[PDB]
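Whatever order the structure lists ligands and atoms in, that order sets their numbers, starting from 1. Residue numbers start from 1 in every chain, and the chains themselves are labelled A, B, ... in the order their sequence lines are given, proteins ahead of strands. The basis for the numbers below is simple: all heavy atoms, side chains too, and nothing from hydrogens, waters or symmetry mates.
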Protein chains: 2
Amino acid sequence: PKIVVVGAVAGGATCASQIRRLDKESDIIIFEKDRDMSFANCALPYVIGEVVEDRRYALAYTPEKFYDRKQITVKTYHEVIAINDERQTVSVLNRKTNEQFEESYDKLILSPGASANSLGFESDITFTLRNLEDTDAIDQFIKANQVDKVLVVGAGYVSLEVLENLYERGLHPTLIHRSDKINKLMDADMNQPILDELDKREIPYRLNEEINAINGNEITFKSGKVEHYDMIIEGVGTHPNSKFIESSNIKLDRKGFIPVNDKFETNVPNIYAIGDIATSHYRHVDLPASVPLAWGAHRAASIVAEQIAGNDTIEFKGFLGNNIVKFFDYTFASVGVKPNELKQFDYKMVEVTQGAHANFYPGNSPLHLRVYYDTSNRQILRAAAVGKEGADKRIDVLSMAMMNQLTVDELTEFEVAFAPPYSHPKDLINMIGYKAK
Amino acid sequence: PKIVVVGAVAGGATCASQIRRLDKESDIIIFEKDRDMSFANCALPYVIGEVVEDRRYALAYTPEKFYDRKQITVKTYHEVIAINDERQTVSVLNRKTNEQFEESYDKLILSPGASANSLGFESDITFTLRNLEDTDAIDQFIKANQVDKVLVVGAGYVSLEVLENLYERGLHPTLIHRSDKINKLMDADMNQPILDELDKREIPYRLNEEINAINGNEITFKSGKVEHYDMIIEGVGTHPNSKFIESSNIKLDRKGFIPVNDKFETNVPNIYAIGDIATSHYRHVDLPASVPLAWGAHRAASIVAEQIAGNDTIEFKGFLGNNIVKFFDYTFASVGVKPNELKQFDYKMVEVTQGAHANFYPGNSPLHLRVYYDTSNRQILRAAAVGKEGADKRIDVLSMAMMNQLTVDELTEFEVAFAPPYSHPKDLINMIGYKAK
Ligand SMILES: Cc1cc2nc3c(=O)[nH]c(=O)nc-3n(C[C@H](O)[C@H](O)[C@H](O)COP(=O)(O)OP(=O)(O)OC[C@H]3O[C@@H](n4cnc5c(N)ncnc54)[C@H](O)[C@@H]3O)c2cc1C
Ligand SMILES: Cc1cc2nc3c(=O)[nH]c(=O)nc-3n(C[C@H](O)[C@H](O)[C@H](O)COP(=O)(O)OP(=O)(O)OC[C@H]3O[C@@H](n4cnc5c(N)ncnc54)[C@H](O)[C@@H]3O)c2cc1C
Ligand SMILES: *SCCNC(=O)CCNC(=O)[C@H](O)C(C)(C)COP(=O)(O)OP(=O)(O)OC[C@H]1O[C@@H](n2cnc3c(N)ncnc32)[C@H](O)[C@@H]1OP(=O)(O)O
Ligand SMILES: *SCCNC(=O)CCNC(=O)[C@H](O)C(C)(C)COP(=O)(O)OP(=O)(O)OC[C@H]1O[C@@H](n2cnc3c(N)ncnc32)[C@H](O)[C@@H]1OP(=O)(O)O
Ligand SMILES: [Cl-]
Ligand SMILES: [Cl-]
Ligand SMILES: [Cl-]
Ligand SMILES: [Cl-]
Ligand SMILES: [Cl-]
Ligand SMILES: [Cl-]
Ligand SMILES: [Mg+2]
Ligand SMILES: [Mg+2]
């Protein structure tokens, strides 16, 4: 079948590649509105920090290389502006020439992702971070203006990674956020180490703070404070790239995302949606779920490839919402329903704080593990872990437990790999099980 | 009920403690033949390495403290010499007075563990490592003799830990082993980094090598080599501490271990056996298993506590055999049936070697993950991982998968916690699943 893909990055390029693995005959074309395909989204903060300096890590392919390797046509600077689903074409604007044209399809795969929100100020010193064009612009502005003082707005995982990287680059960032709800995927009372790490390094922060006005480099804040900054990086949320979809017969929810079934099919025949744009359900509970992260983009890409060119019995089983971020010496990871969703259940919480490994063993650090379970069936609803060591390990194990419908009580039976550098004869996970009841 | 426990360490002290949690009324007495209760068996190599300086780390309790906190009576230097099972008493030798007496019980819990094997040479320079007395003796001998050159006999995981610690303490060890099967719980080909690490630090080793004769500090070997050594640490296996049990009605296997049911009951009413002395079965396959490690001692301790004083529907579900060792920069972890047990199945092997985390993120290293599955039912039989980073995480996840008899194919569905320092959007675990078709 002739396959058209919208968006040439985490969902879209991956999906096209997976289809080509299975099907060497079909024509495949990807439209991408911006300059680059296959940029490494998650690498971008580290490019800014000069931690990742090799351009070959910042993006995997140019369209020419992608074609030479996979015989997939990718048209960059081509923006899909409408889906004409009744005639099975999309309308595409060639942004170089400013001319539009129709492209026909047998199958259409939508992976347009999300765009960064803006505070809307008229400021030449303000930047958002979503792609490699943005990353290049920030790097160039830093060099062109000998940037020293940077204001980082927003305290989600992206902003936090950007702040750490600016600091490691030798710059002097200040963090602000409109509320005290930093790193919102993590339990609110488990995020203190973020603030501790800022304090330890004398990196200023102000919560419940906002930009009030901008006059050149002079920034006036909600608090009344007035400061001079060389640069501003705004991390104030994202919005779905779905305006171009609205006129079509594809069903969008009220927030602008596309609900899909377990085959990642939209309501319209022959049209799939994957990545940040798509909404589905949790695997472990009967609730809607949207998890705009790389795992889901890649898993959906594989499932859609099977649907189109492989084993079409392969279907999604839902999200668990596993997520993680590093901030300086600490790891913050969680899985399951969001804190705000716990209220839809009768639940209990159990927690343990213990060394990540043998107490007598050096380099030890306190790991805090928390587990919420449903009182009606003893099933695990949510888990969260924060510490310098071992948090990723405990959360991945719990993700696998939830995949298997394990009860909190069965955690006593988890057989951990124990030697002094790694865990305890009764691991934190076991202790959750013992402490439950 | 009046409770008597034999052995006051990983299984015994833990079980007594767990019973007290549930039952504050019953009299509990533990007999321990040696000087110390509750010593940290797994810390001992690190005490030798002076990595653990604070001897407070090597001993968790004295009998006086145990009685103060838990009202449990522990008698050290008291060796149980016979079980008079029909009258429900044990015969106990007070090793300080050399007088024996009988102690009655309503319930008897055997956790006598295992003793170190010896090569049987008449040598004052040779030591084995099993308890804190042994650790003290080794440390004292090193100081008294200004030991430099040390012969480490045996290449099992504990001997390897002893070798590393001697090296880091500043001594010069040589490793020998009677066969080429070093670190035998791991796949033989995946053990190469042990030899690499030895070579990198110019630590000599000889496999298929044995001591032929000892004449003072002059050691003659099977190879014909003659070398001078200041000290020898023999790690040549262990044997069950069951000689005192043979006259009783308790059934022992041909190797001297005690088969138990899933309640850790022996064949004799009111007598339980836990820890290294006990044999059981695998959880995921129908085969006998013996896994003489700390997790199993602690888990059995809790189950027996519930049987005696708690919820008597709580039973063991079998072992998976999860195990792990660190050797210098590398981690070696495995779970499931042993290499020699694979032949009892029709099986296939899948493997991947990939960076532990995102390739662009600094400090990466290649992680080798291998999974064996049963061709009759796709179920995971065994998994092994070796690398500088991430091996413990992958093997713990697969232990949780096997606990639920998960299939190899379902690994594609595992939802990893992904950010660049930790994994990949398609994790090594996912890749095993994708590669299994
Ligand atoms: C700085 C940063 C750090 C991140 N770190 C992590 C992390 O550590 N872990 C994690 O799991 N996730 C992380 N993410 C999120 C992750 O990158 C996303 O979940 C993933 O990119 C989603 O894939 P996608 O295909 O839906 O969107 P994208 O990868 O953003 O690609 C969508 C593409 O569609 C194009 N497009 C949109 N509309 C049109 C149109 N009408 N016509 C043509 N092209 C169009 C866009 O220009 C864009 O290039 C990070 C994201 C950012 C920006
Ligand atoms: C140096 C070393 C390192 C180790 N490292 C690890 C590791 O990294 N990971 C892991 O999982 N396991 C490790 N182990 C193994 C672990 O310690 C055992 O599996 C665990 O101790 C078993 O518990 P147990 O109660 O059966 O035996 P033990 O803990 O050895 O206790 C048994 C006790 O019973 C006493 N006893 C025996 N007979 C009598 C009698 N007739 N009367 C009175 N008392 C008696 C003994 O003197 C002994 O103190 C290590 C063991 C050693 C020696
Ligand atoms: S934000 C976090 C993640 N970042 C992003 O995703 C950024 C944008 N990513 C993309 O654009 C695509 O993911 C790109 C990078 C374009 C994918 O193309 P690649 O050529 O780089 O990677 P491929 O998936 O095409 O294949 C690479 C190798 O990995 C193994 N492999 C992939 N898929 C499978 C499956 N389904 N089954 C078994 N193995 C698979 C392969 O061994 C493969 O190399 P081979 O040539 O097949 O040996
Ligand atoms: S070689 C590797 C293993 N070898 C060893 O274990 C060495 C010898 N070990 C022992 O002697 C015992 O294991 C000792 C050290 C005496 C400890 O016994 P317990 O395993 O029963 O644990 P503690 O009584 O010392 O309590 C410590 C903390 O763990 C909590 N806890 C234990 N058991 C439970 C149960 N069943 N349910 C809920 N919580 C439990 C304790 O309450 C305690 O928490 P703290 O806040 O640290 O007090
Ligand atoms: Cl990436
Ligand atoms: Cl139309
Ligand atoms: Cl705690
Ligand atoms: Cl220990
Ligand atoms: Cl008798
Ligand atoms: Cl039996
Ligand atoms: Mg129209
Ligand atoms: Mg504590």
Side-chain angles (χ1 to χ4, degrees), chain A residues 82-87 89 91 247-249 352-355 357-359 361 366 368 415-425 428 431, chain B residues 4-15 30-48 74-83 90-93 95 109-116 128-135 138 156-162 165 185 233 235 238 240-245 257-258 273-278 290-298 300-301 321-326:
Chain A
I83 301 173
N84 317 300
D85 60 275
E86 295 171 22
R87 29 205 281 154
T89 70
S91 290
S247 71
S248 78
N249 293 305
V352 61
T353 295
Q354 176 161 210
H357 58 242
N359 293 314
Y361 189 91
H368 179 201
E415 185 172 333
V416 72
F418 169 70
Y422 306 102
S423 58
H424 299 89
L428 284 76
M431 297 309 314
Chain B
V4 170
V5 184
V6 184
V9 199
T14 307
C15 186
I30 313 183
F31 298 110
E32 167 56 55
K33 63 177 168 66
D34 294 318
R35 185 190 60 198
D36 307 308
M37 69 168 298
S38 299
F39 64 82
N41 327 60
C42 296
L44 302 179
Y46 303 95
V47 172
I48 295 176
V74 181
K75 286 195 171 175
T76 51
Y77 286 128
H78 276 69
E79 178 169 350
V80 176
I81 52 167
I83 301 173
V90 290
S91 292
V92 186
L93 179 60
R95 295 183 60 213
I109 301 166
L110 305 171
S111 197
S115 286
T128 58
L129 177 63
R130 204 70 199 158
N131 63 17
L132 191 57
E133 294 195 50
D134 296 335
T135 306
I138 286 162
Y157 79 90
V158 180
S159 198
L160 292 175
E161 292 182 358
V162 167
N165 278 281
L185 296 176
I233 314 296
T238 68
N241 289 321
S242 56
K243 293 295 296 171
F244 76 99
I245 301 175
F257 293 86
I258 303 169
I274 63 176
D276 294 345
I277 209 70
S290 291
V291 186
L293 295 171
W295 180 90
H298 283 240
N322 201 352
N323 69 95
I324 188 164
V325 76
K326 155 197 143 56

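Between B/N165 and B/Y46, some side-chain heavy-atom pair lies under the 4.5 Å cut-off. The side-chain heavy atoms of B/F244 and B/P112, taken from C-beta on, include a pair separated by under 4.5 Å. Residues A/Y361 and A/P421 meet the side-chain proximity criterion, which asks for heavy atoms closer than 4.5 Å. Proximity of B/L44 to B/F39: side-chain heavy atoms (C-beta onward) are separated by under 4.5 Å at one or more points.
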> Do B/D134 and B/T128 pass the side-chain hydrogen bond (donor to acceptor under 3.5 Å, both in side chains) test, and can you show the C-alpha distance, the side-chain angles, and the key distance before you say yes or no?
Replying inline: CA-CA 7 Å; B/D134 296 335; B/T128 58; 4.7 Å; no

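Each of the following atoms of ligand 2 lies closer than 4.0 Å to a heavy atom of B/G275: 26 (O). Close approach to A/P420 involves these atoms of ligand 2, each under 4.0 Å from a residue heavy atom: 8 (O). Listed by atom number, the atoms of ligand 2 under 4.0 Å from B/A297 heavy atoms are 23 (O). Close contacts of ligand 2 with B/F31, meaning ligand atoms under 4.0 Å from a residue heavy atom, involve 43 (C), 44 (N). Below 4.0 Å from some heavy atom of B/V9 lie the following atoms of ligand 2, by number and element: 29 (O), 31 (O), 49 (O). Close approach to B/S111 involves these atoms of ligand 2, each under 4.0 Å from a residue heavy atom: 24 (P), 25 (O), 26 (O), 32 (C), 33 (C), 34 (O). Close approach of ligand 2 to B/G7 (heavy-atom distance below 4.0 Å) involves ligand atoms 33 (C), 34 (O), 35 (C), 44 (N). Heavy-atom proximity to B/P292, at under 4.0 Å, picks out these atoms of ligand 2: 19 (O).
The side chain of B/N241, and not its backbone, has at least one atom closer than 4.0 Å to an atom of ligand 2 (non-hydrogen atoms only; side chain from C-beta on). For A/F418, heavy-atom contacts with ligand 2 shorter than 4.0 Å involve the backbone as well as the side chain. The backbone and the side chain of B/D276 each have at least one atom closer than 4.0 Å to an atom of ligand 2 (non-hydrogen atoms only). Heavy atoms from both the backbone and the side chain of B/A294 come within less than 4.0 Å of ligand 2. With a 4.0 Å cut-off on non-hydrogen atoms, B/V6 touches ligand 2 through its side chain and not its backbone.
Summary of contacts: the protein heavy atom closest to atom 37 (C) of ligand 2 is B/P112 O, 3.0 Å. From the protein, the heavy atom lying nearest to atom 21 (O) of ligand 2 is B/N41 ND2, 3.1 Å. When only non-hydrogen protein atoms are considered, atom 6 (C) of ligand 2 lies nearest to B/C42 SG, 2.9 Å. The protein atom (non-hydrogen) at minimum distance from atom 27 (O) of ligand 2 is B/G113 CA, 3.4 Å. Atom 23 (O) of ligand 2 has B/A10 CB, 3.2 Å as its closest protein atom, hydrogens excluded (heavy atom only). The closest protein non-hydrogen atom to atom 14 (N) of ligand 2 is B/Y157 OH, 3.5 Å.
In this structure, B/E32 contributes its side chain and B/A8 its backbone to a donor-acceptor pair below 3.5 Å. Listed for the A/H424 side chain is a donor-acceptor partner under 3.5 Å among the backbone atoms of A/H357. Proximity of a side-chain donor or acceptor of B/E133 to a complementary backbone N or O of B/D34 within less than 3.5 Å is not detected. A donor-acceptor distance shorter than 3.5 angstrom exists from the side chain of A/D85 to the backbone of A/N249, with no hydrogens or angles considered. Side-chain atoms of B/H78 come within 3.5 Å of backbone N or O of B/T76 as a donor-acceptor pair. Remark: the backbone N or O of A/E415 is paired with a side-chain donor or acceptor of B/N322 at under 3.5 angstrom. Of the possible polar contacts, none joining the A/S91 side chain to the A/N84 backbone as a donor-acceptor pair under 3.5 Å is found.
Under the 4.0 angstrom criterion for non-hydrogen atoms, B/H78 is in contact with ligand 2. Residue contact annotation: B/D34 has a non-hydrogen atom under 4.0 Å from ligand 2.
Nearest residue to atom 42 (N) of ligand 2 from B/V47, B/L132, B/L93, B/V80 is B/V80 (criterion: closest heavy atom). Distances from atom 53 (C) of ligand 2 to the heavy atoms of B/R130, B/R35, B/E79, B/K75 show the closest one on B/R130.
From B/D276, atom CG reaches atom OG1 of B/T238 across 7.0 Å, with rounding to the nearest 0.5 Å.
At least one N or O atom of B/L293 sits closer than 3.5 Å to an N or O atom of ligand 2. Distances between N or O atoms of B/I81 and those of ligand 2 include no value under 3.5 Å. Close N/O approach between B/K33 and ligand 2 is found [any backbone or side-chain N/O within under 3.5 Å]. For ligand 2, the polar-atom distance check finds an N/O of B/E32 within less than 3.5 Å of one of the ligand's N/O atoms.
The minimum heavy-atom distance linking B/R130 with B/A116 is given by the pair CD-N, 4.0 Å. The heavy-atom pair separating B/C42 from A/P420 by the smallest distance is O-CG, 3.5 Å. Shortest non-hydrogen contact noted between B/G12 and B/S111 is N-OG, 3.4 Å.
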